[PDB]
Amino acid sequence: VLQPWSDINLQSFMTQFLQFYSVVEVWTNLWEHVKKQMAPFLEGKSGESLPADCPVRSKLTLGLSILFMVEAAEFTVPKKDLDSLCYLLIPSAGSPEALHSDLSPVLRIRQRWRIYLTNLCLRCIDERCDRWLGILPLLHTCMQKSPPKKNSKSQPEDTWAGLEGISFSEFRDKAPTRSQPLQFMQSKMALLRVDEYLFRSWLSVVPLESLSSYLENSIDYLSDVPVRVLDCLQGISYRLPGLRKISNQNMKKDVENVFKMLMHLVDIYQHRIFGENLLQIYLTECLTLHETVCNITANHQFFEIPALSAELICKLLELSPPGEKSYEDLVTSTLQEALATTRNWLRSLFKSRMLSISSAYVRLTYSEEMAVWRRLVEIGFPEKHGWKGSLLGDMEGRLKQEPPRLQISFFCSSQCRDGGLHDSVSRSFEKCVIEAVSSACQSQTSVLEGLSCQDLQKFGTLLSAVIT
Amino acid sequence: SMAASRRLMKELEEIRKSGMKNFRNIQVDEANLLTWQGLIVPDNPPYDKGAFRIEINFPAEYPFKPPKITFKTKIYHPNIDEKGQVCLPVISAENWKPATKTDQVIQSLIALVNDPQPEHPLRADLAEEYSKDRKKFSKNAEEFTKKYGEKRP
Amino acid sequence: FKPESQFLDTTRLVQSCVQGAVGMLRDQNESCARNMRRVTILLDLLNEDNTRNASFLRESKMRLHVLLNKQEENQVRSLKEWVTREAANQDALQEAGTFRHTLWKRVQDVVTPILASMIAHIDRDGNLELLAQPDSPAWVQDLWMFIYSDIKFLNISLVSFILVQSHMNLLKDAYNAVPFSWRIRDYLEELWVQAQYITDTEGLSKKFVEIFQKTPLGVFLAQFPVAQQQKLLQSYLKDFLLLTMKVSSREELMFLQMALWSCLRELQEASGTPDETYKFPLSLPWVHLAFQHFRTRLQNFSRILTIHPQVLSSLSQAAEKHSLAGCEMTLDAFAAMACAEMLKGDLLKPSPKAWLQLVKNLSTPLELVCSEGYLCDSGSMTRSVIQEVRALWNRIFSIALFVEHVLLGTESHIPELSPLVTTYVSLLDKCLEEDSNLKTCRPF
Amino acid sequence: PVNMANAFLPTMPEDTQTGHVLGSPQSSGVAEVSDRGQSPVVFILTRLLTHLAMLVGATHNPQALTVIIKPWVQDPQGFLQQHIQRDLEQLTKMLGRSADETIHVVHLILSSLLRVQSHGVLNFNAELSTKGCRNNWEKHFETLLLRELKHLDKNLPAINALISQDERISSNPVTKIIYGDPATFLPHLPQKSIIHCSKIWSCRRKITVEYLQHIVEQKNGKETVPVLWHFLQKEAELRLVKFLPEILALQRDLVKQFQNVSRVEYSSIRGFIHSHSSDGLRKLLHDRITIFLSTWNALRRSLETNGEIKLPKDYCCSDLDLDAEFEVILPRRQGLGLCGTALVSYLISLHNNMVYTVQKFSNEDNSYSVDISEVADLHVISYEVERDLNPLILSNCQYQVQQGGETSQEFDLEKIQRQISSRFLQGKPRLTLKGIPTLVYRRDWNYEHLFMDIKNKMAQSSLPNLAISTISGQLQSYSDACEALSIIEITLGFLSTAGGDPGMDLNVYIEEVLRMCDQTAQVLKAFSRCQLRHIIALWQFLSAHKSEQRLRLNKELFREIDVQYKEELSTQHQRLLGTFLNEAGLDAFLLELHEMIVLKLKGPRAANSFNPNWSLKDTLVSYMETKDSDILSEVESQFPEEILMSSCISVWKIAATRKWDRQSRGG
């Protein structure tokens, strides 16, 4: 009766099945009967190759029919039947969206089938989860288009992915013993042309360690449309604040890899990504990403991730083509906010003094500190704004907190090496050194007695300071 | 806003008690003071044979936004179109000031009616007619006033 | 406002900003401006003494926190550092005096418009009066708290002088007897729409009541005593009357109240004995069902009350003389009967043209009520009642035709035949009593 | 046609709108109802003759008609041929006769308007340059068309017989069995029968609503049956009235869910319809928006002509679809949201006009009136023409026969009038605009409406001198002044939208009536001796006080106003202001000045009319007549005229500093 595929035939099918179930061990025999209908499609048959006695020709139609049957029965299904059923809902050979919109009038009514698909997804929550990912295309072909709003303004990640009924938090945060999603990704990669929500709903579910791979093997996809980088950033800044403090090397390298591929994918194509006055949303998104990534590092050794975030903001500002004064106000505001966020982060995570001696062999309490200061100032920002009159001032103020004599002793204690060929932090160090020498020589206490200070350039600077 | 309409009420009272002897039969609806209707009665020829009905609408931003004056009676002027719109420099947005009371506007527009200005016309052809042959303009305006002009009070 | 700090005294802050919040609300210049009543109501139930007040404080703080968190993500995070922004604000720092007074003032300014919008979305038509009312049964407070703790059920949005609209154009201190009227009305409209579209018109009532029992509101309401649900029932019925139908009267309010109750009772008796949906006969959605089954026979009835208010006075005794609203609806028929009696009573007044007008304004409702298909199914006694009502309506309709033709003509053209036509109309009226069916031979 | 550049063309709707603005012929809109004062048949005849006129003009020179007709730029030939096809279709649908006979009748009209040589068309512009001459020419055209149309039925059989006698189509066998000749010449025919006669098997016309319009306008129905004429004049638009309740429910739901300003992020209508959590609501709203868009498309042709609310033409130019923008359906009153509001306004206006005319014709009195807050399904006129109107109108077409033998069609207007009146049109009350759903957009922060509300509710009076002295001495600090300003502004907002007692001084009001707890006791001591009946005055004083305090120290006193008003005064103007301050009520003057400045000099878009070249006297006397009634002559006759409004906060600075010198250096 289900043939041909129409709303009237679907309604008659549902009524007839309801009457059949009302009138008529029974469902065991029914399932054993439906398995013989299932098998030919699993053997790859479709269309003419299907058995002549098969009452259903299309496969999504029989998938919907069996979904209706299992919904009106409230029973369980064997695990081997999950792969067989989920193979039947993938819209294979349905790459254009025109055929999806042509099949939509046969499936007009919207939310009851949403309910059945949700309970199918929750019923396939079992530990097979192999052919599940093909249902989201149908779960989004009858859903709203991509909302152009900002992160965390509209609503949480559930509606951005378009699911709103599946909790993927436990899968992204567990022991990854099932690597099947990656191979399925490289198997059915050409699906995402059918609709747009699939990129978001798929970035939501991919684990952290495989997100870099999922990112750089979509180079052709991002060349087809230079606007899904927005959604990649949306996903990253959605999942980032939820993840807590990173204290490990696995997450360290995973985030390094994904950020590195992010810079690659942003850089290679063109400035054309930032067309149609889309720079504002990109700036807001990169600011939120920087804010989220800065608040999850409190180990003084994961500075490189904020470094790449700062470099991302740098390159995003650099590729902006000149145009009104609104853009200049926007860029001043975003630079000020970035510097404020970095300043607050370095205020928060570094709770201790500096170069406490404690051993007559004075050494830094936060030894991996100078590299952090160098790395998070070397990025390029416009000189009309701060980032040079503010963070260098932070260096000056931090170094004016230490006693002149102890700081001078540490200044060439075989730690502050590697003169960076007019490094700005090196110039700040020389300035605070000459001020400390001036203060020490202003008092009547001897300053140089035991310097094991074989580096000669800073001996020269010290001598020039003491004479002058 | 009614804050404005209070000042228009004061203006109407003072103009009615003072009298103008040339702008008669003023009427207004009390539920909406922002629309005045009046009858221009000129004194100088060739416009001494009829009177002309006018309507002045006051924007809610009055006294500050200048009122807009339209002519409800067809009149043969080089300065007023068939739509009735009239350009008065004392009311133009770039020359408006709040102290300009409605009686000064009425006096200025009546004086302009009695003595047209061709250098800034709204009907170019009538300006050319006045400039190149005064007699033709005289007969045309007199005939227009005769055929379409309202009955004098 | 995050639950489990002592970094601020939130109750003190809300008592300080309630006045400023309520000061910015604007009614429509005559719609029972109750600003002083609102602020007093809030400040006598924003305390920590009673258990209901403590739970209300917790729920209101939760609402304030969620609204503030939703509105904070719009900021550029330079406003998230409120302390730093306000400190760098020399103007307000030297305006409010000491630095902590300045910080408290900035918190007051930030919070007051959100609280104003919250009060606008809470006191839609006097919903605070129910919490203010003493000795109110437990159901009022319980549904108020259930609605107040459900952000998804009641979305409160924020916008500057904000306007509050009167849904019912309520009279002087009407204070609709259900906590949130428009909210449940719209939610039940949506639920009925979903039921009516999911299934066809064969099992609509069962699916509607089942899907109302599926919502958390239904399962929460199911635990109340039967008497409390009954009180809820007539309160909901009267406020539904007020919201859907405007009425310039209080007696007619109770009259259509009884009419809709009798319609609900008749709809309950439409099914023989399903004994599954009959387990919940005293429920809210039934009222909606009644409307969507009997809308015509309600609205037409309202017409009879609006065109000719005088009939109401007659009806004020008719309910006493016949005990209407027992099993089904006959109240529009009673209004028609009393109206017909008064029409034959006054008859040719000093202005018989006015009599023509007051019979012809009301012809169409009595034509519509006396129609087939108008009553899908009812008892045999109502069949006899409707038979005699069409009989009398056709009788007085022929009388009205006779009047509006001959009495109009003689008074308009030749005033010399009135004493004869006034007796001949009486003769034809008295000769048609026994046979109220003109299709037969003898009446013609 | 070159001489007809932007000339007043006839047979066009008037709201001037010169030109040839007409929609695409392939539209589902109105039936092109007649204009204000012309019969529709004469209107259509004149319109088709004029259409042929510009068709000939365009074929002579296409560019002239391209520059005359506004919308299209491609070609006039197809557009005009589609107009002519639609005109002939409407002609053959309206006239009750064969299409060949309708072409015969139009040819007869064209030939009959040729022998009317008697000239009485005088006093009209040949260039159609004035509306009066256009109406005059239309009046002559109506007169001649009536004179020609009143004598056409006596020539149709004769012309048919003469044309059928043409001895070149007479050889064609078709015209014998078609154009009025017996078909008995065919040998393959049944024998002569009393039922198979030629006239019994003859064609007859069909009854249609347009033919009803024709019959009621040709019989002078204005004085006998005007109700039917008014009903069929706008029957096309009232055919959409049945959809009023659900679209009103749409406006109600949109207002209820989105009582917000500048908070909607939805861009497409499809997104809204498809972003709802209920499928029943989803498909309901789908059907409802489909009906809304169909009614909008069918009715976007008379709103810009007779609708009470003026609208730009940028909304009725593009057809609405499921993927259209979002703001069209929002019931707003400013722009692009006025579509549905104006549509429902026109629907209510036509309903009210019809019920009013019907009452003024027959009822003469009715008290049955209702708002839009209880609109039901049957309350509005709801009928289907194919099932309701057609049978009720066709039931009253009597046939009359004579002894000689003839079949005449006659209409009893009383019968059909009583039929249609006693079914739908009677029992409809007078709808009022009180309860129309509408989103609120603007704000009342400007603080003047608050002051006039205070003056309406309460009889405001001046502040006591002792009270003002005590509050001035009590509020000498700046923080106290700011707290007093905040509290008094809160109470001002409270009093603007609520009542109060003119007595009941502010202290007891604050302490318990709104139950505002104690912040500082000093402001309470200040409020101890001020009444509510001076509250607005108190505000202004205290406001000025605050800014005066900002003048006393070295802090910037505005920090918000535009830089175009922040400049110093000239030397001569300083001397003039000093000589003014020499003798004047400086306290009141500075109070009024600060009341002015802080309200409207707010920075950007403060120069909409406030051009910085005016004088203080002019603007002060322009303001002072609004709500205040303070001392007058001291600024009318003494204040200098050459003050250069641009630098007017400088005048306030000078006045405040001189007042400081008065108060402090004096004592």
# chains A, B, ... in the order shown; residues from 1 in each chain; ligands from 1
$ interface_residues --of "chain D" --to "chain B" --cutoff "6 Å" --atoms "only C-alpha atoms" --output "PDB file with N, CA, C and O atoms, in the first residue's frame"
ATOM      1  N   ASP D 618      14.427  84.033  21.929  1.00  0.00           N
ATOM      2  CA  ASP D 618      13.477  83.397  21.023  1.00  0.00           C
ATOM      3  C   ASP D 618      13.148  81.980  21.476  1.00  0.00           C
ATOM      4  O   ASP D 618      11.975  81.618  21.633  1.00  0.00           O
ATOM      5  N   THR D 619      14.178  81.165  21.713  1.00  0.00           N
ATOM      6  CA  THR D 619      13.944  79.780  22.103  1.00  0.00           C
ATOM      7  C   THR D 619      13.349  79.685  23.506  1.00  0.00           C
ATOM      8  O   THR D 619      12.539  78.788  23.779  1.00  0.00           O
ATOM      9  N   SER D 622       9.808  80.362  23.139  1.00  0.00           N
ATOM     10  CA  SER D 622       9.180  79.250  22.434  1.00  0.00           C
ATOM     11  C   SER D 622       8.889  78.098  23.389  1.00  0.00           C
ATOM     12  O   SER D 622       7.841  77.449  23.294  1.00  0.00           O
ATOM     13  N   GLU D 625       5.894  78.619  26.876  1.00  0.00           N
ATOM     14  CA  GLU D 625       4.445  78.524  26.758  1.00  0.00           C
ATOM     15  C   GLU D 625       3.925  77.092  26.824  1.00  0.00           C
ATOM     16  O   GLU D 625       2.708  76.893  26.748  1.00  0.00           O
ATOM     17  N   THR D 626       4.801  76.094  26.962  1.00  0.00           N
ATOM     18  CA  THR D 626       4.355  74.705  26.938  1.00  0.00           C
ATOM     19  C   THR D 626       3.684  74.303  28.250  1.00  0.00           C
ATOM     20  O   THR D 626       2.504  73.939  28.268  1.00  0.00           O
TER      21      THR D 626
END
$ closest_atom_pairs --of "chain A" --to "chain C" --cutoff "7 Å" --atoms "only C-alpha atoms" --output "CSV"
residue,atom,partner,partner_atom,distance
A:152,CA,C:73,CA,6.4
A:153,CA,C:73,CA,5.7
A:337,CA,C:78,CA,7.0
$ write_last_selection --atoms "N, CA and C atoms" --output "PDB file, in the first residue's frame"
ATOM      1  N   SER A 152      27.118  31.927  21.977  1.00  0.00           N
ATOM      2  CA  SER A 152      26.623  32.102  23.341  1.00  0.00           C
ATOM      3  C   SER A 152      25.596  33.220  23.467  1.00  0.00           C
ATOM      4  N   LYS A 153      25.183  33.844  22.365  1.00  0.00           N
ATOM      5  CA  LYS A 153      24.094  34.810  22.401  1.00  0.00           C
ATOM      6  C   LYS A 153      22.752  34.139  22.132  1.00  0.00           C
ATOM      7  N   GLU A 337      40.387  45.003  24.296  1.00  0.00           N
ATOM      8  CA  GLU A 337      39.822  43.855  24.997  1.00  0.00           C
ATOM      9  C   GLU A 337      40.782  42.674  25.004  1.00  0.00           C
TER      10      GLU A 337
END
$ residues_around --residues "residue 20 of chain B" --least-positions-apart "5" --cutoff "9 Å" --atoms "only C-alpha atoms" --output "ChimeraX atom specification"
/B:15,103,107
$ write_last_selection --atoms "N, CA and C atoms" --output "PDB file, in the first residue's frame"
ATOM      1  N   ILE B  15      -4.143  85.893  17.726  1.00  0.00           N
ATOM      2  CA  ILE B  15      -4.407  86.333  16.359  1.00  0.00           C
ATOM      3  C   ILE B  15      -5.879  86.686  16.190  1.00  0.00           C
ATOM      4  N   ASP B 103       1.548  84.857  12.742  1.00  0.00           N
ATOM      5  CA  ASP B 103       1.066  86.071  12.091  1.00  0.00           C
ATOM      6  C   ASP B 103       2.121  86.671  11.171  1.00  0.00           C
ATOM      7  N   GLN B 107       1.544  87.274   7.227  1.00  0.00           N
ATOM      8  CA  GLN B 107       1.825  88.562   6.602  1.00  0.00           C
ATOM      9  C   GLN B 107       2.827  88.415   5.464  1.00  0.00           C
TER      10      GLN B 107
END
$ residues_around --residues "segment 133-143 of chain B" --least-positions-apart "2" --cutoff "10 Å" --atoms "only C-alpha atoms" --output "short mmCIF file (atom, residue, chain, number, x, y, z; two decimals) with N, CA and C atoms, in the first residue's frame"
data_model
loop_
_atom_site.label_atom_id
_atom_site.label_comp_id
_atom_site.auth_asym_id
_atom_site.auth_seq_id
_atom_site.Cartn_x
_atom_site.Cartn_y
_atom_site.Cartn_z
N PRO B 45 -4.05 93.97 -7.02
CA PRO B 45 -4.37 93.29 -8.29
C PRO B 45 -3.16 92.52 -8.80
N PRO B 46 -3.36 91.52 -9.67
CA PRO B 46 -4.62 91.05 -10.25
C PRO B 46 -5.30 90.00 -9.38
N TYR B 47 -4.95 89.95 -8.09
CA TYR B 47 -5.47 88.96 -7.16
C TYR B 47 -6.50 89.53 -6.21
N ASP B 48 -7.18 90.62 -6.59
CA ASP B 48 -8.18 91.27 -5.75
C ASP B 48 -9.60 90.80 -6.07
N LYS B 49 -9.76 89.80 -6.94
CA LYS B 49 -11.08 89.36 -7.36
C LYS B 49 -11.53 88.07 -6.68
N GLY B 50 -10.68 87.42 -5.88
CA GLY B 50 -11.04 86.18 -5.23
C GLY B 50 -10.18 85.90 -4.02
N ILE B 75 -4.59 78.55 -7.78
CA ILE B 75 -4.20 79.95 -7.88
C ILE B 75 -3.05 80.07 -8.87
N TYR B 76 -3.06 81.16 -9.64
CA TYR B 76 -2.10 81.37 -10.72
C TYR B 76 -0.92 82.17 -10.17
N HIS B 77 0.07 81.46 -9.64
CA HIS B 77 1.31 82.08 -9.15
C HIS B 77 2.52 81.40 -9.78
N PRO B 78 3.58 82.16 -10.07
CA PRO B 78 4.85 81.53 -10.44
C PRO B 78 5.53 80.83 -9.27
N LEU B 126 5.51 80.20 -15.73
CA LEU B 126 4.86 81.43 -15.30
C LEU B 126 5.89 82.52 -15.01
N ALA B 127 7.06 82.14 -14.51
CA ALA B 127 8.13 83.12 -14.32
C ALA B 127 8.58 83.71 -15.65
N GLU B 128 8.76 82.87 -16.67
CA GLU B 128 9.11 83.38 -17.99
C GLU B 128 8.00 84.26 -18.55
N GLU B 129 6.74 83.87 -18.33
CA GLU B 129 5.63 84.68 -18.81
C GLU B 129 5.61 86.05 -18.15
N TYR B 130 5.86 86.10 -16.84
CA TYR B 130 5.91 87.39 -16.16
C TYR B 130 7.08 88.23 -16.68
N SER B 131 8.25 87.61 -16.86
CA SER B 131 9.44 88.37 -17.21
C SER B 131 9.39 88.91 -18.63
N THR B 145 -8.19 83.62 -11.87
CA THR B 145 -8.89 84.01 -10.65
C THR B 145 -10.39 84.09 -10.89
N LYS B 146 -10.79 84.59 -12.06
CA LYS B 146 -12.22 84.65 -12.38
C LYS B 146 -12.83 83.26 -12.46
N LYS B 147 -12.15 82.31 -13.11
CA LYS B 147 -12.78 81.03 -13.39
C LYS B 147 -12.71 80.08 -12.20
N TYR B 148 -11.59 80.07 -11.48
CA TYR B 148 -11.39 79.11 -10.40
C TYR B 148 -11.38 79.75 -9.01
N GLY B 149 -11.34 81.07 -8.91
CA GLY B 149 -11.25 81.71 -7.61
C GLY B 149 -12.51 81.53 -6.79
#
$ closest_atom_pairs --of "chain A" --to "chain D" --cutoff "6 Å" --atoms "only C-alpha atoms" --output "CSV"
residue,atom,partner,partner_atom,distance
A:110,CA,D:279,CA,5.1
A:111,CA,D:279,CA,4.9
A:144,CA,D:271,CA,5.2
$ atom_distance --atom1 "atom CA of residue 116 of chain D" --atom2 "atom CA of residue 50 of chain D"
18.5 Å
$ residues_around --residues "residue 24 of chain C" --least-positions-apart "3" --cutoff "7 Å" --atoms "only C-alpha atoms" --output "ChimeraX atom specification"
/C:20-21,116,161-162 /D:493-494
$ interface_residues --of "chain C" --to "chain D" --cutoff "7 Å" --atoms "only C-alpha atoms" --output "PDB file with C-alpha atoms, in the first residue's frame"
ATOM      1  CA  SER C  16      15.827  49.132  46.928  1.00  0.00           C
ATOM      2  CA  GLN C  19      10.376  51.294  43.404  1.00  0.00           C
ATOM      3  CA  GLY C  20      12.517  52.399  40.469  1.00  0.00           C
ATOM      4  CA  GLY C  23       8.146  53.659  38.347  1.00  0.00           C
ATOM      5  CA  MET C  24       8.965  53.058  34.678  1.00  0.00           C
ATOM      6  CA  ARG C  26       3.106  52.744  31.844  1.00  0.00           C
ATOM      7  CA  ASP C  27      -0.492  51.557  31.645  1.00  0.00           C
ATOM      8  CA  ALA C  33      -2.852  52.243  37.335  1.00  0.00           C
ATOM      9  CA  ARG C  34      -1.779  50.184  40.360  1.00  0.00           C
ATOM     10  CA  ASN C  35       1.857  51.206  40.787  1.00  0.00           C
ATOM     11  CA  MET C  36       1.603  51.861  44.532  1.00  0.00           C
ATOM     12  CA  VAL C  39       5.264  48.106  44.978  1.00  0.00           C
ATOM     13  CA  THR C  40       3.495  47.441  48.279  1.00  0.00           C
ATOM     14  CA  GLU C  95      28.570  61.660  41.467  1.00  0.00           C
ATOM     15  CA  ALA C  96      27.637  58.884  43.906  1.00  0.00           C
ATOM     16  CA  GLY C  97      30.194  59.861  46.561  1.00  0.00           C
ATOM     17  CA  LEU C 158      13.761  42.403  28.205  1.00  0.00           C
ATOM     18  CA  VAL C 159      13.827  45.594  26.153  1.00  0.00           C
ATOM     19  CA  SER C 160      13.022  53.873  28.052  1.00  0.00           C
ATOM     20  CA  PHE C 161       9.445  53.790  29.373  1.00  0.00           C
ATOM     21  CA  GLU C 190      -1.120  25.344  21.292  1.00  0.00           C
ATOM     22  CA  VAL C 193      -3.822  22.799  17.900  1.00  0.00           C
ATOM     23  CA  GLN C 194      -1.247  20.015  18.186  1.00  0.00           C
ATOM     24  CA  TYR C 197      -3.564  18.444  13.673  1.00  0.00           C
ATOM     25  CA  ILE C 198      -1.843  15.220  14.783  1.00  0.00           C
ATOM     26  CA  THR C 244     -11.993  35.653  24.753  1.00  0.00           C
ATOM     27  CA  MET C 245     -15.175  37.737  25.087  1.00  0.00           C
ATOM     28  CA  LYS C 246     -15.571  41.347  26.189  1.00  0.00           C
ATOM     29  CA  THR C 306     -25.314  42.585  23.535  1.00  0.00           C
ATOM     30  CA  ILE C 307     -28.020  43.724  21.104  1.00  0.00           C
ATOM     31  CA  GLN C 357     -35.796  47.919  15.102  1.00  0.00           C
ATOM     32  CA  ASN C 361     -31.819  43.579  15.172  1.00  0.00           C
ATOM     33  CA  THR C 364     -30.681  36.551  12.810  1.00  0.00           C
TER      34      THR C 364
END
$ residues_around --residues "residue 630 of chain D" --least-positions-apart "2" --cutoff "10 Å" --atoms "only C-alpha atoms" --output "PyMOL selection string"
chain D and resi 462+588-589+592+624-625+627-628+632-633
$ select_by_dssp --residues "segment 213-428 of chain A" --states "alpha helix (DSSP H)" --output "PyMOL selection string"
chain A and resi 213-216+219-224+229-242+250-268+279-294+304-318+326-349+370-375+391-399+404-411+424-428
$ residues_around --residues "segment 551-553 of chain D" --least-positions-apart "3" --cutoff "12 Å" --atoms "only C-alpha atoms" --output "list in words"
residues 94 of chain C; 476, 477, 478, 544, 545, 546, 547, 548, 556, 557, 558, 649, 650, 652, 653, 654, 655, 656, 657, 658, 659, 660, 661, 663 and 664 of chain D
$ write_last_selection --atoms "N, CA and C atoms" --output "tab-separated table (two decimals), in the first residue's frame"
chain	number	residue	atom	x	y	z
C	94	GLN	N	32.49	60.32	41.25
C	94	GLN	CA	32.35	61.57	41.99
C	94	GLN	C	30.89	62.00	42.10
D	476	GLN	N	24.14	70.77	50.34
D	476	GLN	CA	25.33	71.46	49.88
D	476	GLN	C	26.37	70.52	49.28
D	477	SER	N	26.37	69.25	49.67
D	477	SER	CA	27.30	68.30	49.08
D	477	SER	C	26.78	67.80	47.74
D	478	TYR	N	27.68	67.23	46.94
D	478	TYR	CA	27.33	66.76	45.60
D	478	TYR	C	26.74	65.36	45.60
D	544	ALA	N	19.24	71.47	38.45
D	544	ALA	CA	20.13	72.61	38.27
D	544	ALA	C	21.19	72.62	39.35
D	545	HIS	N	20.78	72.39	40.60
D	545	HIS	CA	21.72	72.39	41.71
D	545	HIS	C	22.89	71.48	41.40
D	546	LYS	N	22.61	70.25	40.97
D	546	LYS	CA	23.69	69.31	40.70
D	546	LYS	C	24.69	69.90	39.71
D	547	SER	N	24.19	70.39	38.57
D	547	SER	CA	25.11	70.92	37.57
D	547	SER	C	25.80	72.17	38.08
D	548	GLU	N	25.09	72.98	38.87
D	548	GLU	CA	25.73	74.15	39.46
D	548	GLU	C	26.90	73.73	40.33
D	556	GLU	N	34.20	68.58	34.53
D	556	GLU	CA	33.37	68.79	33.35
D	556	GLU	C	31.91	68.52	33.71
D	557	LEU	N	31.03	69.44	33.33
D	557	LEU	CA	29.67	69.46	33.86
D	557	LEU	C	28.64	68.75	32.98
D	558	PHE	N	28.95	68.47	31.72
D	558	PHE	CA	28.02	67.74	30.86
D	558	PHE	C	28.54	66.37	30.46
D	649	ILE	N	25.38	77.35	26.50
D	649	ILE	CA	25.78	76.78	27.78
D	649	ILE	C	26.81	77.68	28.46
D	650	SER	N	27.50	78.51	27.67
D	650	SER	CA	28.35	79.54	28.24
D	650	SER	C	27.54	80.55	29.05
D	652	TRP	N	24.76	79.86	30.65
D	652	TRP	CA	24.45	79.18	31.90
D	652	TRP	C	25.66	79.15	32.83
D	653	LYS	N	26.86	78.94	32.27
D	653	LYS	CA	28.06	78.96	33.09
D	653	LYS	C	28.25	80.32	33.75
D	654	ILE	N	28.08	81.40	32.98
D	654	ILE	CA	28.26	82.74	33.51
D	654	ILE	C	27.23	83.02	34.60
D	655	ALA	N	25.97	82.65	34.35
D	655	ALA	CA	24.92	82.87	35.34
D	655	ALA	C	25.18	82.09	36.62
D	656	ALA	N	25.61	80.83	36.49
D	656	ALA	CA	25.88	80.01	37.66
D	656	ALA	C	27.06	80.56	38.46
D	657	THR	N	28.12	80.99	37.78
D	657	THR	CA	29.26	81.56	38.49
D	657	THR	C	28.89	82.87	39.18
D	658	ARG	N	28.08	83.72	38.53
D	658	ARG	CA	27.64	84.94	39.20
D	658	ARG	C	26.77	84.63	40.41
D	659	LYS	N	25.90	83.62	40.29
D	659	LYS	CA	25.08	83.23	41.44
D	659	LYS	C	25.95	82.69	42.57
D	660	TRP	N	27.01	81.96	42.24
D	660	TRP	CA	27.97	81.52	43.24
D	660	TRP	C	28.63	82.71	43.94
D	661	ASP	N	29.00	83.73	43.16
D	661	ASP	CA	29.58	84.93	43.75
D	661	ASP	C	28.57	85.64	44.65
D	663	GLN	N	26.07	84.11	46.37
D	663	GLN	CA	25.78	83.33	47.57
D	663	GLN	C	26.97	83.25	48.51
D	664	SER	N	28.17	83.01	47.97
D	664	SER	CA	29.35	82.76	48.79
D	664	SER	C	30.09	84.04	49.14
$ atom_distance --atom1 "atom CA of residue 294 of chain A" --atom2 "atom CA of residue 246 of chain A"
11.0 Å
$ atom_distance --atom1 "atom CA of residue 91 of chain C" --atom2 "atom CA of residue 599 of chain D"
18.5 Å
$ closest_residue --among "A:290, A:398, A:108, A:325" --to "residue 340 of chain A" --atoms "only C-alpha atoms"
A:290
